[PDB]
Every structure is written in C-alpha cells, then in structure tokens.
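Chains as they are written, first to last, in the working numbering: chain A, 1 to 906; chain B, 1001 to 1048; chain C, 2001 to 2071.
In this text, a Cβ means the ideal position worked out from N, Cα and C, and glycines have one as well.
Single-structure report; data block below.
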Amino acid sequence: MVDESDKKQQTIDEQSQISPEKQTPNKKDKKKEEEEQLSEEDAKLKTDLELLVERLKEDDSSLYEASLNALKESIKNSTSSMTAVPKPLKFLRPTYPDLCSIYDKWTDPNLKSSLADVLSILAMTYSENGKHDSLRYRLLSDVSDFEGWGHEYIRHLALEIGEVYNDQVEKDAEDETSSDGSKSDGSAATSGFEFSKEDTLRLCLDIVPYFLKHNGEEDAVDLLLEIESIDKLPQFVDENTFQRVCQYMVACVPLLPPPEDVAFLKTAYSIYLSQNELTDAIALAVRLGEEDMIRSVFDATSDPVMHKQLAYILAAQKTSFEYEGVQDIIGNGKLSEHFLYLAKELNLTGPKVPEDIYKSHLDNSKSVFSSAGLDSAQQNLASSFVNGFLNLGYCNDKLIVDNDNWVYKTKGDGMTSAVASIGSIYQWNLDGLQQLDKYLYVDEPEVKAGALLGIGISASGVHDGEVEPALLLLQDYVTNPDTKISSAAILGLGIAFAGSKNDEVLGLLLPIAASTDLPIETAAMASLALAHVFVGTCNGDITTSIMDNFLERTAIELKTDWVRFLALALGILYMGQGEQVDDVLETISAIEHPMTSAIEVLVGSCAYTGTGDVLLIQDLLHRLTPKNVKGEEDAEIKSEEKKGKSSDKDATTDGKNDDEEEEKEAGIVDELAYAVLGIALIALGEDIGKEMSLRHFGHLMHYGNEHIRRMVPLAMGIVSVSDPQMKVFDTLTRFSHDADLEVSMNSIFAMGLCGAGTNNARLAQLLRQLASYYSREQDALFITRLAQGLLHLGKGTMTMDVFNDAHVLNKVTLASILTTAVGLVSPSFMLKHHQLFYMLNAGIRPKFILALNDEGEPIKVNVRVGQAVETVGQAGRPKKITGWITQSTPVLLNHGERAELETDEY
Amino acid sequence: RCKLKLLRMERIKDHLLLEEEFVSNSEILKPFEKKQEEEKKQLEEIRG
Amino acid sequence: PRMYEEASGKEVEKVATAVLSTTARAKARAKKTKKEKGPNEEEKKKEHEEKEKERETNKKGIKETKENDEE
C-alpha cells in the first residue's frame, strides 16, 4: 500500500495506490501545456489502462477516491473536453471509472446525486465509438475479483434503464429532461443497447427484460428472437433457451393487461416455432387463444411431408389434448384432404380415442358403490341423483338403471333430473343412449325433457369426425314447439360441443335466443347455452345475445330469477377475450338504468382481466356503497336493488379468480383470503348480502386453484353450518375433490357430520347429500380441475356450468342444472403405433424446487412410482418422465400436462 | 424476471389483503344490532 | 345561528379513507399498466372528448380565493 517508488514493477503498483505519477502530474501538465504532446498521451493511454487492471484487486475506497481525484476535476476544469477534440473523447476510457468512484465507492450524498447525470451523458457520447461497450465488458466478464465491481457495473447499466422508462411516464422524453440529459433514441445509443444486450445475455439475465418492456414495443421483443435463435443449440441446449424465453411472457404476463399482453406473447410463440421443439410452440398458441396460431403449428407437421410418417400422428395428438374441442374442429378435414388414411387420423384427433383409454384406467379403477339407500319423499329424489354423481365419467352401472322401480318413483322436476343423472353414468361414452330412449317415447312430457339433458352429457366424448354428433339428435327437438323440450335440447347441445363453434352447431343457435317478449322463466337456457359455446376461443361478442338481454328488461321484471341468469350469461360469453370487452362495457352503459348497472360490474371483470388491481379496488367500493347512502342521511325498487347487490358479489370473486391463475403462483395463498375477509365481511356487509358471499367462496377456491386445501374449506364449513343455505357445502366440495382421497378423507367426515347429525327439513338435507358424493371418485378414477391442465394458467370451458350455479338461492329447478358437471382430465399413457395403453414409469414431485420457473419445470431426481397411475393433482403436479434409462425418448414433453405421453423407442 | 414474476403476484395480494381487513373491522359488527349485539350485553354483566 | 346533530358523518369518514388506501397498494401493478393505458387514450378520446390530451393535466387553478366577509 505504502509508496516504495520505482525499484521494480511490483512496487510501481504500490506507488500509484496513493498517488499515480503516470496518470496524475505528467498527464495533467501535459494536457494543459503543449499540443505536440497529444501524441505522447495517445501511447500512454495503453499504459494507463494496465494500471487500472492491476489495482482493480484493491477494494479500499480511499485509494481510488483521492488517487483519481484531480483527473475527475480535469474533465471540465483544464481539458474542458474539447482542447484537442478527438483526443479527450478517446481518453474518456480511464476517466469514466474516476466518476464512478465518487458515485459508488465513496458515498457523499451531494456528489452521488449530481454525477449520476454526468455519467449518463458521457456513456451516450462514448457509445458512438463503441468502446463504452468494451468498457462495460471488462467488468461484466471480469479480469480481477473485488467486491467493488459487484455494485459498480449496475450503475452503468442503470443509466440506460432510467431514461427509457422515463419516456413513458413523462411524454416530453429525450434529453429535454435533465434527469439523464441523454436522448432516448437516435443512432448513437440504439447501437449501444444492442451490443450491451449481447454481452449481458451470455453472462447475466438482468437488463434484458427492462429494455424490452421499457420501449413498450413488440419490436424490442422481435430483435431478441434473432439473437436467441442462434444460441438455441450450440451455445446451450434447447431446454436452457425455453426457460430463458417463457418468462418474458410470464413476469410480464400479469403485467400485461390486454393490448400489450397479446403482442408480446405473439413473439414468444414465434421464438418457439423457430427452435427445434414444436411442443413448446403448441402450448403458447393455445394460450393466445387465436385460431390463426393453432393452424400454423398443425400445418407445419402435416402439409410438407407427403408420407404418413410420424408427422400425421403427431399433429393429431397435439390438437386432441384440448378438451375444449376448439383445436379439434380446426384440425379436422386437413386429414381428409391429404388422404393417407382417413380412419386412424380422424378418430385420433377426436375425443373418441379418449373414451377407449378410459376403459384401460377403469379396468384398474373398478367399482365401489356407497350410494344412499333412502327412498320415499324428497329422499328418493336425493338418492337417484347421487348415483350419477358417484359414477361420473365412463362407468358401467347398467343393471341398477334397468331396475326401473326407483326411476318411476321420481316426480315433478325430479323426473327430468333423474333421467339427466342416468346420462352422467355414460358421460363421455357412445353407448348409454339405449336407457334414455325407453322413457323418451312413453309417459308424460317430463321424462322426454330429461332424456335430452342426458344425451347432452353423454355426447361430450363423441361429437367429432361426424360420428354421432349431438347436433344430429337434438335438431328435431329444437323444431318441436314445446318450451320444455326445446329448452332442454339447446342446453345439451352447448355442453356436448363445448368450445367448438362448428357451422352447424353455431348457426342453429344463431336466429334463436331473440325471443324474450313472451314471459318464460326457463328461457334462461336460450342465452345460457350460447354463452357456454362461445368460451374457449376469441369472441365476436355476438349481436344476438346483446340484443335479447335489453329486450327482456323492456318486457318484464316480474321474473327476478330470469333476469339474474341472463346477466351472468353475458359475462360468461365474453370470456376468452378482454381486448374487445373494453368496448362493450361502454355499449351496455349507453342505456342507463339502475337495473343495467348490475350487468356492468360483471362485464368489468372480463375486460380488466389479466391485471385486476384497478378492478379489485372497484369491486370493494361497490360493496361499501349500499350502507354508505342510508348511512349518510342522519349526521319495482325491490327487483332492481336485489339484482344490483348480488351481481357485485359475484363480480368481485370472478375478477380475483381469472387474475390469480394466468400470472405468479405464490400469491394464490392470499387471493383465497381476499375472500375470507370478503366473506367475514359480507357475512358483515348486509344481512341479505351474507347469503350471496357464502356460495361464491367455494367457486373462488376452485377457479383460483389454491395450494392449501386441507385447512381453509374445513374451517369455513363449520361456521356455515349455523348459517342458512346448505348450497354452501356443494360449492366447497368442487374444490375439495382434488386428487381423490388426499384432501377428501377430511371432507367426507366434515360434510357428513352436519348432514347426518341435523335433520330438521328434508329440503336442507338434499343439498348436503349431493355435495358429499361429488367429492369422491372411486379408486382415483379421474380428477376435476377448473384449469385446462395443459396450461396451469389456463381455464376450461366445460367447468363454466359449475361456475354459473352459486348466484341464486337453491331451487328444485336448479337441481336439473347441477347434474351437468363435466370437466374431465385424462390419465397419461405412453403410446406406440399399436396404441400401447400402459405407461412405464414416471417421477412425481409434490413441490418444484426450481426457482428458474413459477410453474417449475419438473426437475430430474423425483420420487419414482409405478405404471398406469392418474396424473396427480396438487402435491403431485410436477411430473417428469422416467423412460430414458430403458432406451426411450419422449416426443411430447410432459410437465404435469393433461397430454398423453408419447415415446419413441429406439 | 424469474424472481420477479413470483413477487409481483404475491406482494400485491398481501397489500390488498391487509387494506381489506382495516375497512372490514367495522363491517363485522354491521349484520347485527340486536340479533347478537344484545347477546353480548347479557353475557358481560354476568361475568363482571 | 342553528344547533344540530349529525351522526351520519361516521359513514362518510370511513369510505373516504378506504378509497384513499387502495391506490397506494396498487402502486406496483399500476406502473406496468400506465405504458399500455396511454395508447388507448391517444387512439380514442382523453376522458369524454379528444380535446386536450397533449398534457396529462393542462387545466389547473381554483375559481375563488377571495373572501373577507364584513369589513
């Protein structure tokens, strides 16, 4: 440290720690006297650079501060940075660290502030040279180790980040602001940013998201594509690149409300497309929900290869996975045109092959019955629905149904729902139609109507490839003028096709849903069906639905139930979009009534989805307001008010649910809670309001996909035994279902205690019984999620009928609706060319460790489990493929996706 | 971006939750005013 | 001069502070929103007419400052 002169080269370094003699006196004097001596300075630049490098190792603040103190002055005091024009410009390389030594190494508040501004200007001017890039680089990849650079290099990088962010907030931009003093754009800093990005991508990760999003343009993202696609395999593997990308969309997913969010995720899709794996491509294309992006990946395998190859099989698998059936319709018919084989290809895309694999899983799952043996009165009705609820999905319980004794003892609305429950035994199955047919041609109209509902449920697993579509059966019934018959028919058609908006299905539903002049309560199903059809894909926000809602309000207000169902139907219709839904909020609000205000708060949730924090706060001010106005005064109306209050509560929960899914998974723990206080609250907000918030909570959890499933449903449940409306229990169980018999051991006991214990009304008893059977599926047959499963950010289309029903007080009429509850997840199996129905091995992981994702890419250690197991729910969801040791390579990466495994054995 | 994504969701939700419960403290006592409010008076006098 | 009692101001006070609080919390989400929000306004209208979108606020002031009652 101490000066020991020029005795050897080692002690020259020690000499310049206190006072440099080759950077301070000599150089300073030289610059301030002769200008022939500019030639001597130029040679001495190289020497000066070396002395910095050697003393980088030294970290002490005092011996960088004082040493380079008079050089820091010289910039404006003696040199003035223009006494020899080029020469000070190219000698700004040693002087730039001198400024940083007062910024970061020494902290003097007055100078630390002031010289930040100076650093920005000189960074820009020296990046013209392109040597400011090289200045950054020697510290980014390092040459020496010291604590100092670890705080310092960031400051250089921060100059760029500063200005670019400021141009959005303050419209004036450029160097007009004195907060940077550097121009925002122009060909002098733009080339600096590109070069900087290159070095920082290789070694770091830091400044790359700040730059793209701060420009605010998709253009920034499209520059990124170029650099990364080079890097895809030689620099590092495909996998490392995928983890590098998906996050541009994810940190900044929640962080894109509609117009930006779509434009950024377009680019990520394209990056994946460019790279080797098309498997990553399909996942992002589904995400966007655009028809256009789906087609391009499907075409990419199908069209170029003339031969059948792997390519046709692979295309069919990829589109099959979404059980919305949106991909299914689009992908069909290309197979027909090409014509290698119609028979294998068409079946494989359709959900017909999913019926067959279910038999293999079922061969394992068998049957254990537990259904209620109660008969007579309302207890007969309870038991007969319960049988269907335990045998959801493909199950064989034919003989019990064929005993027509208990069937005929149902009465009223009970008959309709009894036949509907029979259909859920043969849910997702071609056979089952036979049982329904018997009743349909005999007795009163009530059994005829219930048959049509059951056809709907059964037709879910078979409606593609022109193999017994739901359309075929149900068209005749729509024609028939009876209201019960027609209403039942169009409900079942919507369920079966789900998100598919095929020409025949859509166009049948197109002239209708436009009569509401005639007062019919069960014409809720008119719009309700059409709304269900629309979800799963981008929405036209159809003019048929918007018109009829307004017309209904004009005609009637007597049937409170009718207008409440209608309001929800609009909000569910708009799901699958958010850009266009900003427009329609205004359109609805054009005509103003207090009744119309009820509709608006619902539609606000969908428009504002993919952010909600302006939405959240809004849906809370609303809650306060009823109380606020009566509150204010001391210091026909019935229908309008009630619609008003209820809509808001539903809207609050809905807003939260879509928001929690798409974006960061940690926050989910709290979002359930935004409700616990919401509930305590409403249970608190009005006497009337308490009734609504109870029911909403259960579907909050199911939609939101809470991590915790043990504590919160059970605890809430106890309080709500005392409280009226036993429909609370039904909504809790749809969440609790999980992976069956993990969560659900506690659930059956807890729900069973209140139900068995208390009988004081057979009406109250009925709701409790149905909820219990729903929760469990024998021998872990299937799971239900609201989510797609293909994306865990995703949201289904079949589960939207579940979400609808919790907005109203319980009714016998509502029981008919509740039979439908579709939303199946398939169990993965390793496929072959002969369609092998067994998985070899898999790893399951309860909790992803990887803090290189939210989703957590499944690691490679895992816990090993056997063949032919259901894809586990929460606390099992990350799933890695074990097959690599046995000479097998997955073709279709599976992370705990719905998607069936496919392997190529070598 | 990989830490941030986690943070952005989870923080904003803990800030809202906290705020929610402040407005809500008052709101607990509102669905009653003699239905439970009265009950509370009766228990207390007994206790002293 | 008049005597009165007012007890309804406990409700006014309570929501005033509620609406104030929610904005502070929003601070982190909101930065990310602002960038996307602006182009929407440029395209459509500012708040109820196109007119005067060039500043964030161009109109400030107050219409009275004058008050001395009796002399």
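Could you tell me which chain C residues have their CB closer than 8 Å to the CB of residue i, listed as they occur along the chain?
i                   : result
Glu-260 of chain A  : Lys-2035 and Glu-2036
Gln-168 of chain A  : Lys-2034, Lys-2035 and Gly-2038
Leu-1004 of chain B : Residues of chain C passing the Cβ test: none, with the nearest at roughly 10 Å.
Could you work out which residues of chain C lie near residue i, taking near to mean beta carbons separated by less than 7 Å?
i                   : result
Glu-466 of chain A  : Ordered by position in chain C, no residue passes the 7 Å Cβ test against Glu-466 of chain A, which lies about 44 Å from the chain.
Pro-257 of chain A  : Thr-2033 and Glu-2036
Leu-1016 of chain B : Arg-2025
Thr-611 of chain A  : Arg-2029 and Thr-2033
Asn-657 of chain A  : None at all; the shortest Cβ gap to chain C is about 17 Å.
Answer with buried or exposed for residue i, where buried requires no fewer than 16 other C-beta atoms within 10 angstroms of its C-beta.
i                       : result
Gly-465 of chain A      : buried
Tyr-2004 of chain C     : exposed
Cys-100 of chain A      : buried
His-737 of chain A      : buried
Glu-176 of chain A      : exposed
residue 2073 of chain C : Given a span of 2001 to 2071 for chain C in the structure shown, any question on residue 2073 of chain C remains unanswerable.
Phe-236 of chain A      : exposed
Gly-823 of chain A      : buried
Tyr-439 of chain A      : buried
Relative to the C-alpha of residue i, which candidate in the options has its C-alpha closest?
i                  : options                                       : result
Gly-393 of chain A : A:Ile-718, A:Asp-805 and A:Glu-777            : A:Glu-777
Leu-770 of chain A : A:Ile-688, A:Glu-239 and A:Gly-755            : A:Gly-755
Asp-145 of chain A : A:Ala-84, A:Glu-54, A:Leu-225 and A:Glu-73    : A:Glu-54
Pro-626 of chain A : A:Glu-686, A:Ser-179, A:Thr-820 and A:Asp-904 : A:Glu-686
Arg-287 of chain A : A:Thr-882, A:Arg-898 and A:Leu-793            : A:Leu-793
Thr-543 of chain A : A:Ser-81, A:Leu-509, A:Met-525 and A:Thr-819  : A:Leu-509
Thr-653 of chain A : A:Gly-698, A:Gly-610 and A:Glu-636            : A:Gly-698
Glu-345 of chain A : A:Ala-316, A:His-622, A:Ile-881 and A:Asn-240 : A:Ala-316
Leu-119 of chain A : A:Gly-130, A:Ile-102 and A:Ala-470            : A:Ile-102
Report yes if the C-beta of residue i is less than 7 Å from at least one heavy atom of the ligand FMN; otherwise report no.
i                  : result
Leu-381 of chain A : By its list of ligands, the structure shown contains no ligand whatsoever, and the ligand FMN lies outside what it can speak to.
What does DSSP give as the partner residues of residue i in its beta bridges?
i                  : result
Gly-843 of chain A : A:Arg-864 and A:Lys-880
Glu-902 of chain A : A:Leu-831
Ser-888 of chain A : A:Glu-905
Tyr-394 of chain A : A:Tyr-426
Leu-824 of chain A : A:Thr-784
What residues from chain B crowd round residue i, counting only those whose CB sits closer than 9 Å?
i                   : result
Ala-2018 of chain C : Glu-1019, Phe-1022 and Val-1023
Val-250 of chain A  : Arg-1001, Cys-1002 and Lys-1005
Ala-851 of chain A  : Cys-1002, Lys-1003 and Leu-1006
So which residues on chain F does residue i lean against when the C-beta distance must stay under 8 Å?
i                   : result
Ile-1012 of chain B : Checking the listed chains, one finds no chain F in this structure; the protein chains it contains are A, B and C.
Between residue i and residue j, what straight-line distance do the alpha-carbon atoms span, to the nearest angstrom?
i                      : j                  : result
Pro-519 of chain A     : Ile-556 of chain A : 7 Å
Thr-813 of chain A     : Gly-432 of chain A : 24 Å
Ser-458 of chain A     : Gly-866 of chain A : 32 Å
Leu-558 of chain A     : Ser-639 of chain A : 8 Å
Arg-695 of chain A     : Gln-725 of chain A : 8 Å
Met-711 of chain A     : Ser-605 of chain A : 28 Å
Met-830 of chain A     : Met-839 of chain A : 5 Å
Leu-51 of chain A      : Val-891 of chain A : 56 Å
residue 943 of chain A : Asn-396 of chain A : In the structure displayed, chain A extends from 1 to 906; residue 943 of chain A sits before or after that span and is not available.
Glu-641 of chain A     : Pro-594 of chain A : 8 Å
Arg-553 of chain A     : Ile-455 of chain A : 32 Å
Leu-790 of chain A     : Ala-651 of chain A : 26 Å
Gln-887 of chain A     : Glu-277 of chain A : 20 Å
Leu-566 of chain A     : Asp-541 of chain A : 15 Å
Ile-783 of chain A     : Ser-589 of chain A : 41 Å
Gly-289 of chain A     : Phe-534 of chain A : 12 Å
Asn-391 of chain A     : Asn-705 of chain A : 24 Å
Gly-873 of chain A     : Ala-739 of chain A : 5 Å
Mind listing the chain C neighbours of residue i? Cutoff is C-beta to C-beta under 9 Å, in chain order.
i                   : result
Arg-1008 of chain B : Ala-2028, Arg-2029 and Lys-2032
Going along chain A in order, which residues have a C-beta closer than 9 Å to the C-beta of residue i?
i                   : result
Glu-2006 of chain C : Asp-634 and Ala-635
Give the interface partners of residue i over in chain B, defined as CB-CB distance under 7 Å, in chain order.
i                   : result
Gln-247 of chain A  : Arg-1001, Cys-1002 and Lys-1005
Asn-215 of chain A  : Neighbours of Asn-215 of chain A on chain B: none; closest Cβ ~16 Å, over 7 Å.
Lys-2014 of chain C : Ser-1026
Determine the chain B residues that contact residue i at a beta-carbon separation under 8 Å, and present them in chain order.
i                  : result
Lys-334 of chain A : What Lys-334 of chain A touches in chain B: nothing, since even the nearest Cβ is about 37 Å away.
Mind pulling the chain A residues with CB within less than 7 Å of residue i?
i                   : result
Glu-1027 of chain B : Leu-681, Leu-684 and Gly-685
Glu-2047 of chain C : Neighbours of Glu-2047 of chain C on chain A: none; closest Cβ ~13 Å, over 7 Å.
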